[PDB]
Amino acid sequence: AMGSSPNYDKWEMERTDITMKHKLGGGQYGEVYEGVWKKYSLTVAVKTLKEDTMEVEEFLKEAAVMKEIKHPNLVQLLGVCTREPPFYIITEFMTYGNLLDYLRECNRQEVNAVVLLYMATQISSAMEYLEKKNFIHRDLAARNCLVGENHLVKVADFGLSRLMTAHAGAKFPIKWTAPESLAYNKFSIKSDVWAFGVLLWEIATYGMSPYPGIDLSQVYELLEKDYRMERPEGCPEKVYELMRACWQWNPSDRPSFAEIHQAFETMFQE
Ligand SMILES: Cc1ccc(NC(=O)c2ccc(CN3CCN(C)CC3)c(C(F)(F)F)c2)cc1OC1CCN(C(=O)c2cccnc2)CC1
Ligand SMILES: Cc1ccc(NC(=O)c2ccc(CN3CCN(C)CC3)c(C(F)(F)F)c2)cc1OC1CCN(C(=O)c2cccnc2)CC1
Ligand SMILES: [Cl-]
C-alpha cells in the first residue's frame, strides 16, 4: 500500500488511470462526468463531490453501499477513489442515458406497450433485490433509471434529491414521495413502493410529469382526500391496479417488492 498498511480495499482504483471528460448533460445532472478508464479503453461514468460545501459522509456511505450491490438491473460499480479529494465513484456508462428522457424521445413503434412493460418488470426485479438486502432507495423515479443495449434498464441514483429535458422535480421530488415521508419524514421500503407506483405512471405515459397541472403545494392534500392519478391511456388495467396498490395511504397495506415482481409474472396468465 501507498500508506504502508496491510488493510486494503480492492475497489480503490488509481486515479491516474481515469481520464475525466465533460460533465454529463453539461451540468444539469450535478457532479457526474463521462470518463475513460485508460487501462481498458472503457468509457465510464464518474461521480464526484465538492467537499468544502458537500457532505463527504454521505458520499463515503454511498460508495460503501454500492460495494454491496450486485444485480442485473442495478447500475454496476467499477471502482472508487475515496482516500483523498477529489473523491470519485466510478460506474459503468449506460449508452442511452436516463429513462425519463429516453421515454420522452423514443420511437414509440420500437418502444411499444410491450417494451414499457418489460421496463417495469426489470425495475421491479431491481427493487425486489434491494428489499431483500434491506436497502432503501429513497429517490426512485424515471430520472434515476438508466437505459442500455437490448432494452436493458437499471435502477441508479444521480443523487440530486435534497429531501432530508429539465427534470424540475429532481431536487424536491414531492410528487414521488409517500404521504408519511412528507408529513413525518419516514422513508422506508414502503415509501419506495409508493414511488415505484409513480414511476410506473411515468413509464405508462412516456414520461409525463405526475399530477399534471397540479401545484406542489396541493399534492399532499389531494392524496389525503384519497385522490389518485388516473389510469393512463393504453395502460393495462392490471398494471393500474398495481399502481393503485402502491399508493395505499397506509404503508402496511402496500405490497412488497417481492409481491410486485410476483404479480407481474402471474398477472397476464403467464
Ligand atoms: C457515476 C455514478 C456514481 C455512483 C452512482 N450511484 C448510484 O447510481 C447509486 C447509488 C446508491 C444506490 C443505492 N442507495 C441509494 C440511496 N439509499 C439511501 C441507499 C441505497 C444505488 C442503487 F439504488 F442503484 F442501488 C445507485 C451513480 C453514478 O452515475 C449515474 C449512473 C451512471 N450514469 C450513466 O450511466 C449515464 C447517465 C446518463 C448519461 N450517460 C450515462 C451516470 C449517472
Ligand atoms: C417543496 C415542498 C412542497 C411541499 C411540501 N410539503 C407539503 O406540501 C406538505 C407536507 C406535509 C403536510 C402535512 N403535514 C404537516 C406537518 N405535520 C406535522 C404533519 C402533517 C402538508 C399539509 F400541511 F398540507 F398537510 C403539506 C414540502 C416541500 O419542501 C420541503 C422543504 C424542506 N424539506 C426538506 O427536506 C429539506 C429541509 C432542509 C434542507 N433541505 C431539505 C422538506 C420538503
Ligand atoms: Cl470543494
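By the naming in the PDB entry, the protein chain is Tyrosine-protein kinase ABL1, taken from Homo sapiens. Per the header of the deposited record, the title is "Crystal structure of ABL1 in complex with CHMFL-074".

Novice: Looking at this model, I keep getting lost on the sheet that holds strand β4 (residues 77-81). Mind explaining?
Specialist: Two orientations exist for strands paired in a sheet by backbone hydrogen bonds: parallel and antiparallel. Strand order across the open sheet formed by five strands is β1-β2-β3-β5-β4, with antiparallel pairing between neighbours. Taken across any chain shown, the strands that pair with only one partner, and hence form the sheet edges, are β1 (18-23) and β4. When the angles between neighbouring strand axes are averaged without regard to direction, this sheet yields 30°. On the sheet, helix α1 (residues 56-66) packs against β3 (42-48), β4 and β5 (88-92) and is oriented at approximately 35° with respect to β5.

Novice: Can you help me understand the site of ligand 1 in this one?
Specialist: Taken together, 23 residues are adjacent to ligand 1, and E62, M94, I136, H137 and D157 come closest. A distance of 2.9 Å separates an oxygen atom of ligand 1 from a polar backbone atom of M94. Burial of ligand 1 by the surrounding chains reaches 90%, relative to a free accessible area of 840 Å². Of all the elements in the fold, those that place two or more residues in the shell around ligand 1 are β3, α1 and β5. A breakdown of the residues in the shell around ligand 1 according to their chemical character gives 16 nonpolar, three polar and four charged. Two domains share the shell around ligand 1, each providing at least three of its residues, namely domain 1 (1-93) and domain 2 (94-270).

Novice: Whenever I open this one, empty space enclosed by the protein confuses me. Can you help?
Specialist: If a probe the size of a water molecule is rolled over the atoms, the empty space left behind becomes visible. Size it by volume and the largest cavity reaches roughly 90 Å³. Taken together, 13 residues make up the lining of the largest cavity; nearest its centre are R138, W176, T177, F187 and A195. The leading source of residues in the lining of the largest cavity is helix α5 (residues 189-204), at three residues. A per-class count over the lining of the largest cavity returns seven nonpolar, three polar and three charged. One number sums up the size of the second largest cavity: a volume of about 60 Å³. As for the second largest cavity, its lining consists of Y29, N98, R143, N144, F158, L160, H167 and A170. For the lining of the second largest cavity, the per-class residue count stands at four nonpolar, three polar and one charged.

Novice: I tried to follow the domain arrangement of the protein chain on my own but got confused; where do I start?
Specialist: How big an interface is tends to be reported as the loss of accessible area on association of its parts. Taken as a whole, the protein chain is organised into domain 1 (1-93) and domain 2 (94-270). Averaged C-alpha coordinates put domain 1 and domain 2 at centres separated by 27 Å. Here the side of domain 1 that touches domain 2 is built from residues that sort into seven nonpolar, four polar and five charged.

Novice: Any chance you could explain helix α8 (residues 257-267) here in plain terms?
Specialist: Because each turn of an α-helix spans 3.6 residues, side chains separated by three or four positions end up pointing in the same direction. Of the positions making up α8, those classed as buried are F257, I260, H261 and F264. Along the long axis of α8, the arc covered by the buried residues comes to 95°, so they all point the same way. Buried residues belonging to α8 abut α3 (113-132), α5 and α7 (237-246).

Novice: When you look at the nonpolar core in this model, what are you seeing that I'm missing?
Specialist: Inside soluble globular proteins, nonpolar side chains tend to come together where they are buried. Of all hydrophobic cores here, the largest spans 52 residues; its most connected members are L99, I123, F196 and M243. For this core, the secondary structure elements donating two or more residues are α2 (99-105), α3, β6 (145-147), β7 (153-155), α5, α6 (219-224), α7 and α8. Residue contributions to this core peak at eleven residues, all from α5. In this structure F196 touches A120, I123, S124, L140, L242, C246, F257, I260 and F264, once residues within four positions along its chain are discounted. In terms of nonpolar packing, the next biggest core, distinct from the first, is built from 16 residues, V32, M66, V75 and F158 among them.

Cut-offs used in this document
- Residues numbered from 1 in each chain as written, not as in the entry; some residues may be left out.
- Chains lettered and ligands numbered in written order.
- Heavy atoms only, no water.
- Residues with missing side-chain atoms left out of burial classes, pairs and counts.
- Pairing = 2+ DSSP bridges.
- Helix = DSSP H or I, 4+ residues; strand = E, 2+ residues; numbered from the N terminus.
- Axes fitted to C-alpha atoms, helices over the stretch in contact; angles between N-to-C directions.
- Contact = heavy atoms within 4.5 Å.
- Near = heavy atom within 4 Å.
- Polar contact = N/O pair within 3.5 Å; in protein donor to acceptor, adjacent residues only side chain to side chain.
- Areas by Shrake-Rupley, 256 points an atom, 1.4 Å probe, with all protein chains shown as cover.
- Nonpolar A, V, L, I, M, F, W, Y, C, P; charged D, E, K, R; others polar.
- Domains from an automatic or database assignment.
- 1 Å grid on protein atoms, 1.4 Å probe; cavity = no way out; pocket = protein on both sides within 12 Å on 5 of 7 lines; lining within 4 Å.
- Points joined across faces, edges and corners; volume = space filled by probe spheres on them.
- Buried < 20%, exposed > 50% of the residue type's maximum accessible area, 1.4 Å probe, protein only.
- Arc of directions from axis to C-beta.
- Core = buried A, V, L, I, M, F, W, Y, C linked by side-chain atoms within 4.5 Å.

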